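>>> Everything below, folded, please.
(2 chains)
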Amino acid sequence: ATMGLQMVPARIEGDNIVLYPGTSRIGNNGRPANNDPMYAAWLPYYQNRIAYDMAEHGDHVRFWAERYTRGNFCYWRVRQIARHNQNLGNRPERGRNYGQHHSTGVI
RNA sequence: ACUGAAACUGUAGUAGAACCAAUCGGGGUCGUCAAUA
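Residues are numbered from 1 along each chain as shown, chains lettered A, B, ... in the order given. There you are, the coordinates:
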């Protein structure tokens, strides 16, 4: 279960697998370096739900995200999301803390 | 400036000899499963 920290989001694109670390950078061991955020955004899907403006696997999407904190780590919480053609709208304000998930306001 | 006639292409001969539809295989048995937050 510790091995999941060492995995980067990836997409194959032709004969290449292309890594997508996002705003964070791949540390030497493969974990997100120096406590920068998780390589993928978290799309709240079940316990809190962010429908478009429900997204499915492999939807190309454009979205706002907010850096949120829990425990030793932080991540980009998807705040609102649109299909890549649509417009995601104006910058959202400070998100609500969702239990132990605390907003940083970096959006 | 006188049509020849009459005559069974029949008679004898086994599409057959040899070749395995076969070779191997206990109707058997134990460790999880799942990936997030």
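
>>> Mind checking what secondary structure residue A:44 has?
Secondary structure, DSSP: H, G, I helix; E, B strand; the rest coil: residue A:44 is coil.

>>> Stretch A:11-19: how far from the chain's middle?
20 Å (Cα atoms, centre = their mean, to the nearest Å).

>>> Could you export that stretch as CSV, CA atoms only?
Only the C-alpha atoms of stretch A:11-19 are listed here, as CSV (Å, rounded to 0.1, in the frame of the first residue of the first chain):
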residue,chain,number,x,y,z
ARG,A,11,-1.3,8.5,-20.6
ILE,A,12,0.0,6.6,-23.6
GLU,A,13,0.2,8.8,-26.7
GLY,A,14,1.3,6.7,-29.6
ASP,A,15,4.4,4.7,-29.0
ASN,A,16,5.2,6.8,-25.9
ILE,A,17,3.9,6.7,-22.4
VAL,A,18,3.8,10.4,-21.4
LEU,A,19,3.9,11.3,-17.7
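
>>> where does the residue nearest to residue A:103 when sequence neighbours are not counted land in three-state SS?
Distances taken as Cβ to Cβ, 6 or more residues apart in numbering place residue A:95 nearest to residue A:103, at 4.4 Å, with adjacent residues excluded. For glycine as for every other residue, the C-beta is placed from the backbone atoms N, C-alpha and C. Under three-state DSSP, the three-state class of residue A:95 is coil.
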